[PDB]
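**Student:**
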Amino acid sequence: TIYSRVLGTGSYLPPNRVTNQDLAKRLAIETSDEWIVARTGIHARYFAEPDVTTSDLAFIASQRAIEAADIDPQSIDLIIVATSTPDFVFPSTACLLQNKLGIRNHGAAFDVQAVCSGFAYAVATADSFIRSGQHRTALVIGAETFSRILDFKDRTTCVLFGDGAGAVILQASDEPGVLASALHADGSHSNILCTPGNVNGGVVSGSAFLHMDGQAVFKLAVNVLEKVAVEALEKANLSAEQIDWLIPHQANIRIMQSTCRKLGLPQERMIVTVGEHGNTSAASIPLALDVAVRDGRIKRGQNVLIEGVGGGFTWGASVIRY
Amino acid sequence: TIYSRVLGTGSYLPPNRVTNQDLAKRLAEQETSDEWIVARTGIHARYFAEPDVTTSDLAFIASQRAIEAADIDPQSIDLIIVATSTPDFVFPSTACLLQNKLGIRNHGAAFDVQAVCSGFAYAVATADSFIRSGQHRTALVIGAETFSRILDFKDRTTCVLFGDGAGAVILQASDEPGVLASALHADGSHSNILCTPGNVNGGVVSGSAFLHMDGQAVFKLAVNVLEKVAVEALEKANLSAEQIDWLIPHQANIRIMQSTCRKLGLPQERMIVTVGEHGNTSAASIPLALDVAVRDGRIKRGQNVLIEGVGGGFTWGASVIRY
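Okay, here's the thing in structure tokens:
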């Protein structure tokens, strides 16, 4: 009888807007604005200065969520950050974010790793903590500086990912926002989307650059996204026709249009930011959520479906009554 | 109505047992001794993975051993949470790699959580929450580290202290409590005193990818919070410190452990101690000690176990588990 309601949203993009032309010139390896749009639907993305970290981005998005929620920062008793580019090996980004916000209440703070499905994982976890009574007000973040793990000699991937942060404040409520979530993983497909390295004795071992088999990822993606959306919708006792807004992970326009069509929704019911944001992994969904809440598309009482896939393979979905 | 019960435990140490003398001789080609390390820490040995052996490799063996103890079908595990701060890769997650190593084909959720040396408490509390609600039924919960990868062997303060290893539990929905309660906390204002302050950026390491620590500040913080969080967790499980049959702290060093135990008013013989042989294996610490003490018959069904630790963050947490 306790539910998690969205009190506020916030987001942030770092100031360097990098257009397709900017990127094509940079490599000039051969690519173009036309080629990138045809492949992905992306026109621009945003890169942090290499000096600026995931928690920096997270801080500003959180501040803006806190403002929308209109709450005392000291009332946030849980922070979960979904990221795959944390500031440090340890401690966690959430811990750094806690201190940046000046929160002194000793509340739990941790990071979760499910890559581009990270925010679904983070939402479902917070929701579970709030529903049980254990926490009351959670700050849930998706944040990435994916420019730090891009190989700019690889046009397959380096024109695809961007940086950014999005945040939501969830609070105990007698009335549902978060109705249901479904999370999944299949580690047999780890090889087709991976950044296969880490630090070892001071030096990088393996490759600390993102690699991807785009064709395999696409087929897997469309295959699971349909199923998990249905499972989630069933778990929330809702039908596809009752979805007022679809917010997929902003991977690329064609995976997004496919999913939306397979659900039988009209394309006008889907929030699309990939064109301006690119693929910001865990940040993707809460960026789009924030944009669409703040521009008045998403209204109180409406049913929102978030879903995505990511490295792992992982995938997950949530049905949220805003 | 639904509780999480421990069906089985398992653990693993890599084969290279590194004694204090082995390590002293090593840094003598670089300064320390067996006596200095024992006096400081209570440590006599620790175990190092080969540099080509990863956290998920260690996790695999510990998990298999839990699965064996649980006596369940591997395909029935519908949740995998790994606590680690030394995952195999930037991504994907260790839990995903572990899933495939175990040949689990049921598409269950798999993810990693980061709370450093408090990781296992964080992981247990998250799994517990998922099982209690009905969302998941059988969870594999891992603490696993290859902390040798982030040690500076020119720093005698820290490089004699940490080790590698993995420990695992299977939790399952039950009408009778094992996990009675958990309390988790964090204070990021103390991030600077215990940190590995770097990461990868454009192919190279930026910052320092080596663990640093202000031992004195960590100790004082540790003893201060461990007493409080134990009590909070015990209250939340409707128990008192005198109802604890076994205390299993994060195996940081013998003196923080003895302090905590005394401050709870327990005798020292009610505390499981593995630091001497395992060293500080961060998130792997508690489930290593859990496994050792379950399998040598100390921890018996029906007994109340308190697990408690602190780590980088600062983070800390506790759990009260009726075995």
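Respectively, the protein sequence lines represent chains Z and X. Take any residue in the first sequence, count from 1 to its spot, add 5: that is its number in the working numbering. Take any residue in the second sequence, count from 1 to its spot, add 268: that is its number in the working numbering. Each residue gets a CB set at the ideal place from its N, CA and C atoms; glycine is no exception.
Measuring alpha carbon to alpha carbon, tell me which residue in X:473, X:412 and X:323 is nearest residue 391 (chain X).
**Tutor:** Here the closest residue by C-alpha is X:412.
**Student:** What do you reckon, are the CB atoms on residue 10 (chain Z) and residue 176 (chain Z) nearer than 8 Å?
**Tutor:** In contact: residue 10 (chain Z) and residue 176 (chain Z) (Cβ atoms closer than 8 Å).
**Student:** Let me make sure I understand the geometry here. Which of X:513, X:351, X:332 and X:590 has the alpha-carbon closest to that of residue 554 (chain X)?
**Tutor:** For the residues X:513, X:351, X:332 and X:590, the minimum Cα distance to residue 554 (chain X) belongs to X:351.
**Student:** Please report whether the beta-carbon of residue 92 (chain Z) lies at a distance below 8 Å from any beta-carbon of chain X.
**Tutor:** Yes, residue 92 (chain Z) lies at the interface with chain X (some Cβ there is under 8 Å from its Cβ).
**Student:** For residue 430 (chain X), tell me which candidate among X:311, X:570 and X:367 has the shortest Cα-Cα distance.
**Tutor:** Looking at the Cα atoms, X:311 is the closest of the given residues.
**Student:** Let's see if you can read the secondary structure: which residues bound the alpha helix (DSSP H) around residue 70 (chain Z)?
**Tutor:** Looking at the DSSP string, the run of the alpha helix (DSSP H) that includes residue 70 (chain Z) is 59-74.
**Student:** Mind listing which residues of the stretch 192-215 of chain Z have their C-beta closer than 9 Å to chain X's C-betas, in chain order?
**Tutor:** Listed by position, the residues of the stretch 192-215 of chain Z near chain X (Cβ gap below 9 Å) are 192, 193, 194, 195, 198, 199, 200, 201, 202, 203, 204, 205, 206, 207, 208, 209, 210, 211, 212, 213, 214 and 215.
**Student:** So residue 494 (chain X) contacts chain Z; which residues on that side make the cut at Cβ distance below 7 Å?
**Tutor:** Per Cβ cutoff of 7 Å: no residues; residue 494 (chain X) is ~13 Å from chain Z at best.
**Student:** Around the Cβ of residue 516 (chain X), are there at least 16 other Cβ atoms within 10 angstroms (buried) or fewer (exposed)?
**Tutor:** Residue 516 (chain X) should be labelled buried.
**Student:** Would a check of beta-carbon distances place residue 80 (chain Z) closer than 8 Å to chain X?
**Tutor:** No, its Cβ sits nowhere closer than 8 Å to a Cβ of chain X.
**Student:** Which residues in chain Z sit within 8 Å of residue 390 (chain X), going by Cβ to Cβ distance?
**Tutor:** The contacting residues are 113 and 115.
**Student:** At a cut of 8 Å, does the stretch 329-349 of chain X reach the stretch 284-303 of chain X through at least three beta carbon pairs?
**Tutor:** Cβ pair count under 8 Å is below three, so no.
**Student:** Check each candidate in Z:67, Z:136 and Z:265 and name the one with the smallest Cα separation from residue 107 (chain Z).
**Tutor:** Minimum Cα distance to residue 107 (chain Z) is reached at Z:67.
**Student:** Beta-carbon of residue 120 (chain Z) versus every beta-carbon of chain X: anything under 8 Å?
**Tutor:** So, interface residue.
**Student:** Can you tell which of Z:38, Z:241 and Z:16 has the C-alpha that lies nearest to the C-alpha of residue 173 (chain Z)?
**Tutor:** The shortest Cα separation from residue 173 (chain Z) among Z:38, Z:241 and Z:16 belongs to Z:16.
**Student:** Out of Z:286, Z:118 and Z:182, point me to the one whose CA is closest to residue 255 (chain Z)'s CA.
**Tutor:** The option with the nearest alpha carbon to residue 255 (chain Z) is Z:286.
**Student:** Give the interface partners of residue 172 (chain Z) over in chain X, defined as CB-CB distance under 7 Å, in chain order.
**Tutor:** None at all; the shortest Cβ gap to chain X is about 16 Å.
**Student:** Can you name, in chain order, every residue of its own chain whose Cβ lies under 6 Å from the Cβ of residue 74 (chain Z), other than the five neighbours on each side?
**Tutor:** Same-chain partners within the cutoff: 12, 13 and 174.
**Student:** Going by DSSP, what residue range makes up the alpha helix (DSSP H) through residue 312 (chain Z)?
**Tutor:** Unbroken run through residue 312 (chain Z) is the beta strand (DSSP E), 308-315; no alpha helix (DSSP H).
**Student:** In chain Z, which residues lie with their C-beta within 7 Å of the C-beta of residue 368 (chain X)?
**Tutor:** Those are 192, 193 and 195, listed as they occur along chain Z.
**Student:** Does residue 533 (chain X) come out as helix, strand or coil in the three-state DSSP assignment?
**Tutor:** Here residue 533 (chain X) sits in coil by DSSP.
**Student:** Name the chain X residues whose beta carbon is nearer than 7 Å to that of residue 95 (chain Z)?
**Tutor:** Correct list: 353, 382, 384, 463, 464 and 580.
**Student:** Quick one: list the residues of chain Z neighbouring residue 452 (chain X), beta-carbon separation under 7 Å, in chain order.
**Tutor:** Those within 7 Å of residue 452 (chain X) in chain Z are 113.
**Student:** Could you say which of Z:52, Z:219, Z:206 and Z:214 lies nearest to residue 45 (chain Z) if we only look at CA atoms?
**Tutor:** Closest option to residue 45 (chain Z), Cα to Cα, is Z:219.
**Student:** Would you mind working out which of Z:141, Z:123 and Z:76 sits nearest residue 91 (chain Z), comparing C-alpha positions?
**Tutor:** Minimum Cα distance to residue 91 (chain Z) is reached at Z:123.
**Student:** Do residue 152 (chain Z) and residue 118 (chain Z) have their CB atoms nearer than 8 Å?
**Tutor:** No, they are not a contact pair.
**Student:** To the nearest whole angstrom, what separates the beta carbons of residue 425 (chain X) and residue 322 (chain X), a pair I think is in contact under 8 Å?
**Tutor:** About 26 Å separates the two Cβ atoms, so there is no contact after all.
**Student:** My guess is that residue 395 (chain X) and residue 450 (chain X) are in contact by the Cβ rule of under 8 Å, so how many angstroms apart are they, rounded?
**Tutor:** Not really, about 10 Å apart at Cβ, beyond 8 Å.
**Student:** Can you tell which of X:301, X:497, X:522 and X:591 has the C-alpha that lies nearest to the C-alpha of residue 565 (chain X)?
**Tutor:** For residue 565 (chain X), the nearest C-alpha among the options comes from X:591.
**Student:** When DSSP builds the beta bridges, which residues end up paired with residue 524 (chain X)?
**Tutor:** Answer is none; residue 524 (chain X) lacks a bridge partner.
**Student:** Are the C-beta atoms of residue 101 (chain Z) and some chain X residue less than 8 Å apart?
**Tutor:** At least one chain X Cβ lies under 8 Å of residue 101 (chain Z).
**Student:** So the beta strand (DSSP E) residue 314 (chain X) belongs to, where does it begin and stop?
**Tutor:** From DSSP, the beta strand (DSSP E) with residue 314 (chain X) extends over 313-316.
**Student:** Does the stretch 253-273 of chain Z touch the stretch 222-230 of chain Z, meaning 3 or more C-beta pairs lie closer than 8 Å?
**Tutor:** Segments in contact, yes.
**Student:** Extract the residue ranges of the beta strand (DSSP E) inside the stretch 364-447 of chain X, only unbroken runs of 3 or more that lie entirely within it.
**Tutor:** Whole beta strand (DSSP E) segments, 3+ residues: 377-382, 406-414 and 432-442.
**Student:** Taking Cβ-Cβ distances shorter than 7 Å, what residues in chain X pair up with residue 134 (chain Z)?
**Tutor:** Result: 397.
**Student:** Between the stretch 202-221 of chain Z and the stretch 234-241 of chain Z, do at least 3 Cβ pairs fall closer than 8 Å?
**Tutor:** No: the two stretches stay apart, fewer than three of their Cβ pairs being nearer than 8 Å.
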